[PDB]
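Shown below, as structure tokens, is a lone chain in the form deposited without the partner chain; questions about how it binds or moves come after it.
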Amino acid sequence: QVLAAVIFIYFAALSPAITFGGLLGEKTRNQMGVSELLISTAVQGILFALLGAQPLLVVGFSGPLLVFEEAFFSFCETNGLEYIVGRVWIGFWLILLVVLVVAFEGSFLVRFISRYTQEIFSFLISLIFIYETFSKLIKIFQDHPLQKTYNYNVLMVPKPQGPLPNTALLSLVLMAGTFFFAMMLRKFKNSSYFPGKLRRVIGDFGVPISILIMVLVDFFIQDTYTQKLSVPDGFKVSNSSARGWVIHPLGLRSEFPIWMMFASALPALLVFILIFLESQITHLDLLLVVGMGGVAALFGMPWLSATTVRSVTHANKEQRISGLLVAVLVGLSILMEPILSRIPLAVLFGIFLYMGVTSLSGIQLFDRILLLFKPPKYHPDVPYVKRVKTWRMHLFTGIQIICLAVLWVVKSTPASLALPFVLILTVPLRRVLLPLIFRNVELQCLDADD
């Protein structure tokens, strides 16, 4: 049973890892791509299985880190600075910050983060995925428009340099099909058909089965082009003309400025905020995560977070061996270059939209947002309807919606590096400003801990 459980924890680890880094590649001009994230996830999984206190957590790239990497990439492109050396110095500031945390007693702010901030954070991260996949679809339709005629001798060796006949519609079809198949396998896992063991096994592999089906569909279409996953053959870096394997803190093409080394403290404090929040939703493990992320930043490798996983690895000392096996197999996943380069990006974007929509379903803020449109006689048995009036809970949800709108406006500004600051500013809003608007009983009934 252990040999079967390590197969399951592979694919559950594989599907975001091949997705996010691909996103990261398209967000970083392949300077920071699939291979860096895969090898970083492998080495950090090995080290976390060997040295971690709690092996129930798994380490991997997540959405908030991707948003921060895009914010820093836009910051560097606007200021003309080098990106990955700034990442190196942010990492150095992370080592010094976390060793100060160890020198102090610990993180005493764990009680200040409430259900308010976690709901706002998760609803913002789920809203980012849908926006990103729809923006990618719009970009594909802008690259290859629906025209009466096309130039049928375009050159495609670096990238398609002109419009193409059926690429945009096939990308839309692949995205919709992958999302639909993932949602229906998720439905089938909770249905009443088939034997229960076989139904649960099939529904547990909902993402890999949909991925395999859509990859087969695109593979058996011969003439139409669809953009594929950019994966190098071996242990090589994604963009060799951009950076080497080891990245010196001084400079690659231009030396790093004196001012931005000491000013690297300000973005590095926000990395620690983002790692702290999503590890709390899912301090020795925080030490290992931040320290390994800062060490891996020297090699141009991504920071990871702490995420929880289902009880399949609990049924596998045994759970530490399973983590080491899945980490070394994630390392060996880069060796399967042909079957990873035959995967379209539209399949991964359908999976991306599926993960966003699935992540929306467990949030009480989303439940109240749906409760805005229902009549008051259809509101459920939950205590925040029986003990809080409909107008008061609607005002509460409207305030949270206003906060989400403020966060989305700030993320759209050029100064989008201040998103963790504005999002941690909701704790002074909850602990100070909300008791002036609401009463007490409504406040312990709405964002009640559980």
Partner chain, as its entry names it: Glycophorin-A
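Positions refer to the first chain, counted from 1.
Here the subject shifts to the form solved in complex with the partner chain, a form of this protein not shown in this document.
At a distance threshold of 4.5 angstroms between non-hydrogen atoms, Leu212 is out of contact with the partner chain in the entry with it bound. The partner chain in the entry with it bound is approached by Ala103, whose closest heavy atom lies within 4.5 angstroms of it. Residue contact check for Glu255: one or more of its heavy atoms lie within 4.5 Å of the partner chain in the entry with it bound. Taking non-hydrogen atoms only, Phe123 never approaches the partner chain to within 4.5 angstroms in the entry with it bound. Screening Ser240, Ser311, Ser361, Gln142 for any heavy atom within 4.5 Å of the partner chain in the entry with it bound leaves a single hit, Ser240. The partner is absent here, but in the entry with it bound a heavy atom of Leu96, alone among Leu335, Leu216, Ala315, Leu96, sits within 4.5 Å of the partner chain. Stretch 103-111 is the contacting one of 128-136, 103-111, 337-345, 318-326, since its residues have non-hydrogen atoms within 4.5 Å of the partner chain in the entry with it bound. Of the residues in 286-308, only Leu298 comes within 4.5 Å of the partner chain in the entry with it bound through at least one heavy atom. Shown are candidates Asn190, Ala405, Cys76, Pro232; the hinge separating the rigid parts that shift between the shown form and the other one corresponds to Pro232.
In summary, the C-alpha positions of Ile18 and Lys159 converge in the entry with it bound, ending up at least 3 angstroms nearer each other than in this conformation. Relative to what is shown, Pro158 and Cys76 are farther apart in the entry with it bound; their C-alpha atoms differ in spacing by at least 3 Å.
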